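In listed order, ligands and their atoms are each counted from 1. All heavy atoms count here, side chains included; hydrogens, waters and symmetry mates do not. The sequence lines fix the lettering, A, B, ..., with proteins before strands; numbering per chain opens at 1.
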2 protein chains.
Amino acid sequence: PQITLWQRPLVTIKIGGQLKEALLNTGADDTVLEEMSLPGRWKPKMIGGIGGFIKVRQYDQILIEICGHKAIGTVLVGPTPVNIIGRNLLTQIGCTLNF
Amino acid sequence: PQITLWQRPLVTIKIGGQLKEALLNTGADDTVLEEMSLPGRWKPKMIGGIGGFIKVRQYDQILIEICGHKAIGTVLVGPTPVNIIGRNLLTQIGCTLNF
Ligand SMILES: COc1ccc(C[C@H](NC(=O)O[C@H]2CCO[C@H]3OC[C@H](O)[C@H]32)[C@H](O)CN(CC(C)C)S(=O)(=O)c2ccc(N)cc2)cc1
């Protein structure tokens, strides 16, 4: 659907068997989720935002259903204040900006 | 225009007589720009992101031209890593998400 920006663009996602709410974030290259348990193996990583850096765990090729659209890609898990769907997955569900 | 997200959605802006590049950021409530000289009077403020918090100067009713669309609103100035156009201004230039 089209989404306007008067409110935070939140969507329901299903990942790792669990249901969550996440922000569609054009200002994020990567997808970053709050602490949650995801099955596979991972690789430590450091990502930088507005207030500095956080350590996250990088999971590759994770299935995510974003507003009922399926995508597979990298998901980062760590102490982000909010679940963020980044451009890496936005492209996969055909998400675009319009003005 | 319609913008895809295979790359960072960067646009050219004009503010305070100066030309800058800024990221269209659906994940940001407010607009935040790197240290620059802005004429107005300002109020101290504190904003939080992924790695913690930064102190910014809040300027109200600042004119901004974003890809040739004019908007007037609050602009925050401080040590952000990148110039961010947030939802407060995105709504004014009629910007939407689409998928
Ligand atoms: C490294 O350079 C940057 C680049 C972009 C950003 C923007 C944020 N996204 C962000 O934190 O992205 C992180 C994690 C996701 O992947 C990466 O994408 C680019 C960036 O390297 C890194 C996001 O879009 C908005 N943020 C908020 C989200 C966490 C919900 S905010 O900037 O902290 C921000 C906070 C309060 C206000 N009022 C205004 C902005 C910040 C700093």
Shortest reach to atom 28 (C) of ligand 1 by a heavy atom, considering only B/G27, A/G52, B/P81: B/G27

From A/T26, A/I50, A/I47 - option closest to atom 31 (S) of ligand 1 by heavy atom: A/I50

Protein contact to atom 4 (C) of ligand 1 [nearest heavy atom, distance to 0.1 Å]: B/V82 CG1, 3.7 Å

Check: A/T26 main-chain N/O paired with B/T26 side-chain donor or acceptor under 3.5 Å: yes

Nearest neighbour in protein (non-hydrogen) for atom 33 (O) of ligand 1: B/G49 CA, 3.0 Å

Check: A/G48 N/O within less than 3.5 Å of ligand 1 N/O: yes

Donor-acceptor under 3.5 Å (A/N83 side chain, A/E21 main chain): yes

Closest protein heavy atom to atom 40 (C) of ligand 1, given as residue, atom name and distance to 0.1 Å: B/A28 CB, 3.8 Å

Rounded distance [0.5 Å steps], CZ in A/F99 versus CD1 in B/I3: 5.0 Å

Over 12 foreign heavy atoms within 6.0 Å of CD, A/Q7: no

B/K14 NZ: over 12 foreign heavy atoms closer than 6.0 Å: no

Nearest-neighbour protein heavy atom for atom 38 (N) of ligand 1, which is reported as residue plus atom name and distance: B/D30 OD2, 2.6 Å

Residues, nucleotides or ligands: over 12 heavy atoms within 6.0 Å of A/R8 CZ: no

For atom 17 (C) of ligand 1, closest protein heavy-atom neighbour: A/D29 N, 3.7 Å

Any N or O of B/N25 closer than 3.5 Å to N or O of ligand 1: yes

Value rounded to 0.5 Å, distance of CG in A/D30 from CD in A/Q58: 7.5 Å

